[PDB]
Amino acid sequence: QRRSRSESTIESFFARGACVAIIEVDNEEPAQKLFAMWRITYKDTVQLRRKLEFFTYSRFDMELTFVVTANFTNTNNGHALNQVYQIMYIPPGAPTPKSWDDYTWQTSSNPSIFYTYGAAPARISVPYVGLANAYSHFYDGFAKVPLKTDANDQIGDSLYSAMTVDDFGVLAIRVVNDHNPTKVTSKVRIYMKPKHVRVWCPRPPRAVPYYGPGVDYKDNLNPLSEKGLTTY
Amino acid sequence: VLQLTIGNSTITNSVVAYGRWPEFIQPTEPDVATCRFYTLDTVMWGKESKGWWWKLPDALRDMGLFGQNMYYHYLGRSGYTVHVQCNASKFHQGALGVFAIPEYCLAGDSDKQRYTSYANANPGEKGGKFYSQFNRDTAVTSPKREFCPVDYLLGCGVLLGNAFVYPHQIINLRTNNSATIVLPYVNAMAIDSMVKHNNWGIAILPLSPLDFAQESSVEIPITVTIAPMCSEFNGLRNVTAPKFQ
Amino acid sequence: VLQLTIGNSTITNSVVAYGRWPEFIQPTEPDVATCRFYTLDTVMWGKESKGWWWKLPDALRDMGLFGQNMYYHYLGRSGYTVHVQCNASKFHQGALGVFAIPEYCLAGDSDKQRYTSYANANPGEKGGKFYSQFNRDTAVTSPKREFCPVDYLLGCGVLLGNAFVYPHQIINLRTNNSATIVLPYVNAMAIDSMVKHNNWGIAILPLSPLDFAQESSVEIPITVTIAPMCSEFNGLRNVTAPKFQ
Amino acid sequence: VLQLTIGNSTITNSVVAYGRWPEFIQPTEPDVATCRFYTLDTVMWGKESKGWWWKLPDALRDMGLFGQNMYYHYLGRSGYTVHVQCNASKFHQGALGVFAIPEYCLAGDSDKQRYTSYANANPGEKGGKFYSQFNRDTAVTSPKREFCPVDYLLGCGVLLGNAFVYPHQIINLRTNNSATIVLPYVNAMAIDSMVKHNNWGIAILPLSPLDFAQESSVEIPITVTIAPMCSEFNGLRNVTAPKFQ
Amino acid sequence: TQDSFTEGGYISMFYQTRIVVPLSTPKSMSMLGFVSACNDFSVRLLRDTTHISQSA
Ligand SMILES: CCCCCCCCCCCCC/C=C/[C@H](O)[C@H](N)CO
């Protein structure tokens, strides 16, 4: 035995940064997208989702990297000075911005990153922030149980396999700069890298296209292709 | 193969899921009232049967004092011992795959996502049945809000063939007539609510179709017997009465 | 006087009946599900009240998991801790005798002997009430088959004054507002059926009539809280469903 | 509970604020002239009383030689022992919260901010009184420049319920008739001017309204007695004569 | 934050017997409630409170 399995380890399997979200933030004269709130999850994309759903439970420290790409929108010769983007983390319960100049942007206790355009992509790390002892990719249950004494069925009605409505909060991204006379549109791509990963209860990989945050399937349910029984 | 005695119930290969025996972590532990084999309602395996599925501990919600402890206390944990019995003659042929899936989330029948109701998602001891194809619900006025498992997709968007990654046992009528799986408590928490969360899912699929001699129609019984093991509850309060309709 | 904590229930002289603390003798022993204080329905002590009586363990037949274990198992044993609460002002006067009678057999209301029905002999948490005189049942067509306890005869043909030979506690409003009796398991057998046999009888008699200032009508509440102690059951089978009508 | 003797004054639970006893740091220290109990003017607690507030050392500015030393010297420091007395019968019901707030800044009555005058901000031994609502001053020509404390806002924009974070004592008439708080010297400096800066604020709030039998109007006295402790002064010069109007 | 998955339970109060008062005594009284954390208490993931707001 001289061939090794260093690259098949769980840490190596997730050691790549996967894009999990693309957020559009526009700066223009203040129906608008001057600030964008994105709920944190890996299920907006399939690749990392499929890799993680190889297992039932996980525990990993995350690393987020933000790549910002700005462009003009129908500019004739209108130009702009280098922009600064504010990415504020809003955990469940904290107030959420209602405008791009709201008081919530003060970031007194909410962590925030101020990224200057043209610099290196903004990278930070997060520890395991799970309420339980491990993350639950699959939850075979509800959060509310409808009881006999409930006045109406909606009291106990809950989404299947949904644990909490506000899983880990949102990221609110704005352009701190005031509006230039010409519109500037930017895309922030968030790349998520698990680290120190531990996994439990392996599961078969998804074989059909994802349909929503659950195991629901709707279309393209015939994956295997035609092949002769005795054809090599 | 050998005697299997738990509490006051005895059953005349057995696989331990993930190589872990059920174990304990002031939790209330009924050493006898709950540690015993409860027999679920028998199902009938025919030539046109697609499969069956049950959810644990939901299947034992009305089984003796185990259900009473489950409903009275707030959060409880329990391992299980599942024993599937299917006796056939030497001239019968077939094979059953018995899979114990942790967090056996199933797919719905409507375009709305995660819209399955608690009543339908918790069938109890009767369980449910897989289907050959995906039948989309069309009753917009009164959606059924029930699962639509697919046999070859395992009801979760994965291929049936890879389901053997889960703890499994094959009842092949030519060699064995019973299967036994010992499941420990598997969850992201040391203890969790049982009324709202199901820890395990038992799926029985007819891998090879049943056949007998040259008979057109043949059906044989399958009986599931589940023994809670090392079950402990905590958070005693008034009794929970779920709305099953 | 001091904190009295059992399981998950705490109550802010206490007499141990016969100087014996409840003790254990594979019996099923819920250390938490059953070892806790259950509060019976409050009664109202007035100036024209003759007394009240309850039967143990009958009074706890529908109290949480204790009743479920009592009905599911064949034979069980349990000690008790009875706590009677009756709070009154400094200007109230009265006295309650709380007696824990072993085998508190009561007299009927008809000329027919030992004709009392199970439903009437097992009132539950509501209990019964003594009477000043003996009212003979006259409904020959449909006899009521109910007890006819007499206050001064204690409902058993004995004098009330000698009832103090039993374990007892006097709640005298001028000095104390509560009584506490710790009853061990008393029976001719180490363990016996609970559905058909009642081990204890709690009788509360107004030894001195209630009075307050110069008010014509005064009534104060009496609340009974019973904690099973060292309760163990055996002989698990299907659930018993007595006909209470 | 026990004798409380300071200098030549004796008073027949006591809480030490922040667990710190008053202590000394050529300061002039009158061991007897200042270390004694001075009794403030009695107030009357009624059914329509919102509360009272005093400022220390301002309340003792005209109390014997303590006031003379306070005005003659430049900067002085002093701990305090506050004793609130309110005697009521067994048939009275009520509760007083006595809070010792460090730097008890209060809100004004005008739209202009921090416009309260020195004369109004330093009432002396008479103190002030809280109000149910916020009455905005409307005398633009001659603004009153006085505080407008609000009972439930504690006069500082905070909730009354959290005021217990401060050193506090509850006089509940059913159990106790007096409260005693020992305040050390609390300031950002080891010693500071007393004429311009008040180190403590004593706020007495009727947490539960006063009531007696079925009487429509009932009022009982509240008397505050404050003993300076370990008081030392420095910077002797001509006497200060504040303009109180 | 209000979440049915991390629901904590309920607190209730009932009359065990009654309130009994003699003559010449107030028949209506008031009780106060206080809440505190025990030594085992802990918090996690600092954030911004929703109680205080500023007009922008
Ligand atoms: C500006 C600073 C940014 C701070 C970002 C903190 C966000 C915290 C989110 C951490 C975990 C998110 C992703 C991991 C959880 C998975 O979705 C689990 N499987 C949950 O089901």
Side-chain angles (χ1 to χ4, degrees), chain C residues 1-4 9-12 37-49 52 82-96 98 125-127 169-180 204 206-226, chain D residues 45-47 86-97 161 170-177 205-218 220, chain E residues 10-35:
Chain C
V1 280
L2 53 79
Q3 295 298 346
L4 171 53
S9 53
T10 302
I11 297 176
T12 301
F37 267 107
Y38 302 98
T39 300
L40 285 55
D41 57 71
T42 303
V43 296
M44 222 56 66
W45 179 12
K47 297 170 74 77
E48 307 292 5
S49 67
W52 310 267
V82 188
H83 187 72
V84 181
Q85 295 136 120
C86 180
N87 58 273
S89 65
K90 306 293 180 62
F91 300 77
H92 288 75
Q93 62 182 25
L96 292 168
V98 183
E125 55 171 333
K126 73 178 177 288
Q169 194 64 76
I170 305 179
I171 303 177
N172 194 13
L173 300 176
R174 60 174 289 100
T175 188
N176 60 324
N177 58 2
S178 64
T180 308
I204 299 174
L207 306 177
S208 180
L210 184 71
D211 195 335
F212 171 58
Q214 283 67 38
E215 300 295 348
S216 65
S217 298
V218 48
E219 56 181 1
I220 57 175
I222 302 177
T223 300
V224 184
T225 318
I226 310 183
Chain D
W45 179 12
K47 297 170 74 77
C86 180
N87 58 273
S89 65
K90 306 293 180 62
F91 300 77
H92 288 75
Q93 62 182 25
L96 292 168
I170 305 179
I171 303 177
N172 194 13
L173 300 176
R174 60 174 289 100
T175 188
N176 60 324
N177 58 2
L205 286 309
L207 306 177
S208 180
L210 184 71
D211 195 335
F212 171 58
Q214 283 67 38
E215 300 295 348
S216 65
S217 298
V218 48
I220 57 175
Chain E
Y10 316 95
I11 304 288
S12 59
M13 191 172 287
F14 293 86
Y15 289 112
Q16 183 74 328
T17 69
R18 184 164 67 93
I19 288 142
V20 180
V21 299
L23 276 64
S24 302
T25 309
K27 293 182 246 280
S28 61
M29 301 123 294
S30 296
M31 62 173 293
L32 306 172
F34 311 83
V35 57

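Below, chain A is the first sequence line, B the second, and so on; all start at residue 1.
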| request: For residues D/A95 and D/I170, report the shortest heavy-atom separation together with the two atoms involved. | output: CB-CG2, 4.4 Å

| query | Can C/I220 and C/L210 be said to form a side-chain contact (heavy atoms from CB on, under 4.5 Å), step by step? | reply | CA-CA 9 Å; C/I220 57 175; C/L210 184 71; 3.7 Å; yes

| With a 4.5 Å limit on heavy-atom distance, are the side chains of C/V218 and C/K47 in contact? | yes

| Nearest 0.5 Å, what's the CD1-CG distance between C/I11 and C/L2? | 11.5 Å

| query | Would you call E/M31 and E/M13 a side-chain contact if the rule is heavy atoms closer than 4.5 Å? | reply | yes

| said: Taking the side chain as everything from C-beta on, heavy atoms only, tell me whether C/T223 gets closer than 4.5 Å to C/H83. | reply: no

| message | For C/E48, I'd like to know if atom CD has over 12 heavy atoms of other residues, nucleotides or ligands within 6.0 Å. | response | no

| task | Could you pull out the closest heavy-atom pair between C/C86 and C/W45, with the gap in Å? | result | SG-CE3, 3.7 Å

| task | Answer yes or no: does atom OH of E/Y10 have more than 12 heavy-atom neighbours from other residues, nucleotides or ligands under 6.0 Å? | result | no

| request: Search all heavy atoms of E/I19 against all heavy atoms of E/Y15 and return the closest pair with its distance. | output: CD1-CE2, 3.4 Å

| task | With C/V82 as reference, evaluate C/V224, C/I204, C/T180 under the side chain to side chain contact (heavy atoms under 4.5 Å, CB included) test and give the passing residue. | result | C/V224

| To the nearest 0.5 Å, what is the distance between CG (C/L4) and OG (C/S9)? | 8.0 Å

| request: Measure up the D/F212 and D/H92 rings against each other and bin them: parallel (under 30°), tilted (30 to 60°), perpendicular (over 60°). | output: parallel

| Do C/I222 and C/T42 pass the side-chain contact (heavy atoms from CB on, under 4.5 Å) test, and can you show the C-alpha distance, the side-chain angles, and the key distance before you say yes or no? | CA-CA 6 Å; C/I222 302 177; C/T42 303; 5.7 Å; no

| Sub-4.5 Å side-chain heavy-atom contact between C/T225 and C/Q85 | yes

| said: Evaluate C/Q169 against C/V84 for side-chain contact (heavy atoms from CB on, under 4.5 Å), listing each step before the verdict. | reply: CA-CA 10 Å; C/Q169 194 64 76; C/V84 181; over 6 Å; no

| message | Can you confirm whether C/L96 sits close enough to C/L207 that some side-chain heavy atom of one is under 4.5 Å from a side-chain heavy atom of the other? | response | no

| field | Test log, rule side-chain contact (heavy atoms from CB on, under 4.5 Å), inputs D/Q214 and E/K27 | value | CA-CA 8 Å; D/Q214 283 67 38; E/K27 293 182 246 280; 3.8 Å; yes

| Shortest non-hydrogen contact from C/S49 toward C/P206 | O-CG, 3.2 Å

| field | Side chain C/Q93, main chain C/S208, donor-acceptor under 3.5 Å | value | no

| field | Main-chain N/O of D/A213 paired to E/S24 side chain as donor or acceptor, under 3.5 Å | value | no

| request: Please report the shortest heavy-atom distance between C/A88 and C/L173, naming the atom on each side. | output: CB-CD1, 3.7 Å

| message | Quick test of your reading of the model: are C/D41 and C/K126 salt-bridged, counting only N-O distances below 4.0 Å? | response | no

| remark: Nearest heavy-atom approach of C/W52 to C/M44 is CZ2-O, 3.7 Å

| request: Using a 4.5 Å cut-off on heavy atoms from C-beta on, say whether the side chain of C/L40 contacts that of C/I226. | output: yes

